[PDB]
Amino acid sequence: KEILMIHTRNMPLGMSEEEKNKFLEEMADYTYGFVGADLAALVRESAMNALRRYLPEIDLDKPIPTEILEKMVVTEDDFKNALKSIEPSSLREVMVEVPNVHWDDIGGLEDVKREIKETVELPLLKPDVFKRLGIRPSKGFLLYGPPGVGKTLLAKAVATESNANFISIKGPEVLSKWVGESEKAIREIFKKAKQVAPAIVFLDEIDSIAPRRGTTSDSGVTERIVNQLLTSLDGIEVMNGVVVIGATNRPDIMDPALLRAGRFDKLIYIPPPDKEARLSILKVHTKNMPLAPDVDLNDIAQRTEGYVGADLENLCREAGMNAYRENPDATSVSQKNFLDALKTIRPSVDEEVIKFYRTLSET
Amino acid sequence: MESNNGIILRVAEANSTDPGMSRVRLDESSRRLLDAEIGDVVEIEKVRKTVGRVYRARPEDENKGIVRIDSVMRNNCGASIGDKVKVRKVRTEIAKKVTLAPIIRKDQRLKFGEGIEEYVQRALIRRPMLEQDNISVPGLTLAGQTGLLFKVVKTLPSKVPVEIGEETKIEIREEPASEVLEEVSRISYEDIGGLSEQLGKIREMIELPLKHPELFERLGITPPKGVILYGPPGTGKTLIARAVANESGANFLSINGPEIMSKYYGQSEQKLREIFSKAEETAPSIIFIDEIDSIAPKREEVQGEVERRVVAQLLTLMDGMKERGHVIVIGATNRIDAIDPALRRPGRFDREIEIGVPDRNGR
């Protein structure tokens, strides 16, 4: 935005009196392929988006009239046409980002969420005091529970709360980089976060690394990623402001030696929501979209039990399509829409995976 | 045997971690030898010409020919268990005003606060000590805490060992002090929970050659090359290893299996070639790999020559040692069945150890 304005300094469109889609931040949200000069080329592409419509329909030549230089302008669309036109360059990797997710954006469950306060935030603020108290909290925790449900969003919540930029390392992200043997760079991302410290290193669905590779020639029967993760733990400590956060669907199958205490310590379980949490997370979705309270939010809570947050966040999201409001197919929000969605949405039909958690978690 | 008897005794590690720092426990029979009351203040003189004063207490399980002693004095003195010690009764000299400041290393010079009357006044009760000594006050909450290290620059009466009574004035400056004395984080045999039979058994193997090789090698036994540990790792393995090294006085050399595998041609062999190169000067020393099973699991069904060259490089380095400046390589794994038997023969580890798990007593 501060680089683009330099090219707005090179345009007499005006800004801060003009506030509009052309506001440079809203357009800056689209692009990570680029850096400062690429934006210069971009505004030249946008500036060229203009000349290609303007100049040809004029059919100019050595004479250049002044009126054109006057009546001609640079619209918001040509930027979009310039933004949709892409030449991604900047290094292949995942970059730090600050989301807006917070306690306000997580309905969740206060009991398990409240533990995140003392698990992350407190160690962040007072690493020197626990020395005075004579305490050294863990190096990270491990989340396991029903798939989806927002377990990925739970870390994005503590991300904005920690006031530190956030990186999410997801299984597919390592695999695409793995083919290039860049796992050493995946480790560099952690050393990179340290140079950026404070920053949060989030290992997502780390059970997703092994399943595709079975047992093959990785480091040997144990993965090189595991070898990269073992070494990733060698560098960090409880001292650094960087926080390791595990999230896993199956925190067993791979190589529990790496999941062993001292590597990933706390075992935290994400339970599926309940009627009230189902209602709370529901209220968070419906408040943004227009609402006609023909539904009884407690009644559709009666119908709904055994539905995880994934089904709900999808159900809240899925029934929205069946309902139509502000266009002329419109049908308002009604139990009929949530009734038809009841058939479309898949319940939780496996209590197996649920009892493996409860039995294993209890004792 | 540990036998030394009479007013002159021999120093033996206390068989209990003890509540107090000044506790030196002696049996009724042992107490009758020096003719002193229980809890008496007795100044003990030892090798290196370093002295200290302690309280007597009792087990019923001791033998009069030893001394069950604190790790504070032994660390302050730097004593290796097995030294013949000279103890005698002396009347109490007492401080008037005492100045105390923590060591540089422990705090890093980042530490300041309150609690002069919380720590010292509560520790102000009945502590016999030598002037110019590092005195430790524990308490409060754990998991970041091993003792609290205060080094003595001055005691108002000077050039005298003194007991700390209730009439003395106390001071905490929180400014520089001598770091010569080790941090208790550097281990003591007390930090090993239980495993009394295994502690001595392993210790006598490495100790005697590391102490005086010129008989225990020459006129006795033969020095082994390395020792492997078994049972659940990461709990006592890394601690016991450094708990063997620090107390024996032999320098400790850290290795990481995953770091080697993280490396490749060059640095992989350079490191193993670099460490032993550094070991020659510090030799005799303690060399340790917690990860043995990770670097050399090979059962045939590994792949590369890089892993075979570095593990075979390890084979060469073992035999290349002279058993004169002899250094001891230590290893650890969860199970022996996994590791490679080609590492089990002479030329290298011929010596295997089985460490079990605690019990109601072990805990």
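The listed protein sequences derive, respectively, from chains C and E. Be aware that the first sequence starts at 364, since it is given in PDB author numbering, and climbs by one per residue. Be aware that the second sequence starts at 1, since it is given in PDB author numbering, and climbs by one per residue. Note that beta-carbon positions come from the ideal geometry of N, C-alpha and C, so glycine has one too.
Look at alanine 12/E here: in three-state DSSP terms it is strand.
A Cβ-Cβ contact shorter than 8 angstroms links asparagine 75/E with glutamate 182/E.
Listed in chain order, the beta strand (DSSP E) runs fully inside the region 185–254 of chain E are 226–229, 251–254, counting runs of at least 3 residues. Between the alpha carbons of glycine 347/E and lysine 237/E lies a distance of about 23 angstroms. Under the 8 angstroms criterion on CB atoms, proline 258/E is classed as interfacial with respect to chain C. For a Cβ distance threshold of 7 angstroms, nothing in chain E lies close to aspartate 628/C: the least Cβ distance comes to about 11 angstroms. DSSP, read as helix, strand or coil, puts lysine 271/E in helix. One thing to note: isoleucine 228/E has its Cβ no nearer than 8 angstroms to the Cβ of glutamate 323/E. Look at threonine 146/E here: in three-state DSSP terms it is coil, with no helix or strand label. Taking every protein chain shown into account, the CB of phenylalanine 565/C has 16 or more other CB atoms within 10 angstroms, so this residue is buried. Of all residues in the region 425–454 of chain C, none comes within less than 7 angstroms of chain E when Cβ atoms are compared. Taken atom to atom, the span from the alpha-carbon of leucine 148/E to that of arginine 721/C is near 42 angstroms. By the rule that beta-carbons nearer than 8 angstroms mark a contact, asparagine 590/C touches chain E. Contact annotation for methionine 261/E against chain C: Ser582, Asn590 [CB-CB distance below 7 angstroms, chain order]. Looking at the DSSP output, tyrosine 632/C shares a beta bridge with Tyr507/C. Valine 162/E is bridged by DSSP to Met129/E.
As the crow flies, the alpha-carbon of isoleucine 287/E is around 16 angstroms from that of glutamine 313/E.
Sequence-distant partners of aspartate 703/C (beyond 5 residues in either direction) whose C-beta falls short of 7 angstroms from its own C-beta, in its chain, are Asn685.
Taking 8 angstroms as the threshold, the shortest C-beta distance from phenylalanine 493/C to chain E falls below it.
A distance of 8 angstroms or more separates the beta carbons of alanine 573/C and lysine 514/C. Listed along the chain, the chain C residues whose CB falls inside 7 angstroms of the CB of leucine 219/E amount to none; the nearest CB is some 43 angstroms away. Going by C-alpha positions, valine 492/C is about 12 angstroms away from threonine 141/E. Here the region 56–75 of chain E makes contact with the region 25–35 of chain E; the two share three or more CB pairs at distances below 8 angstroms. Proximity of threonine 141/E to chain C, defined by a Cβ-Cβ separation below 8 angstroms, is satisfied. Annotated as proximal: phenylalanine 701/C and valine 658/C, with beta-carbon spacing under 8 angstroms. Put simply, the backbone Cα of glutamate 190/E is about 34 angstroms away from that of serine 724/C. For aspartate 567/C, the uninterrupted beta strand (DSSP E) run begins and ends at 562–567, by DSSP. Per the Cβ contact rule, the region 190–201 of chain E is not in contact with the region 115–126 of chain E (fewer than 3 Cβ pairs under 8 angstroms). With a beta-carbon spacing of about 14 angstroms, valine 90/E and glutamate 131/E fall beyond the 8 angstroms limit used to define contacts. What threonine 667/C touches in chain E, judged by beta-carbon distance under 8 angstroms, is nothing: the nearest beta carbon there is about 43 angstroms away.
Between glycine 669/C and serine 711/C, the CB-CB gap stays under 8 angstroms. At a cut-off of 8 angstroms between beta-carbon atoms, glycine 625/C makes contact with chain E. Around the beta carbon of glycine 257/E, a 10 Å sphere encloses 16 or more other beta carbons of the protein chains shown; the residue is thus reported as buried.
Taking CB atoms only, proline 157/E has no neighbour in chain C less than 8 angstroms away. Ranked by Cα distance from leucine 630/C, the first of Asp637/C, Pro636/C, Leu622/C is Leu622/C. Of the residues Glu382/C, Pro462/C, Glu544/C, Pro635/C, the one whose Cα lies closest to the Cα of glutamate 714/C is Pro635/C.
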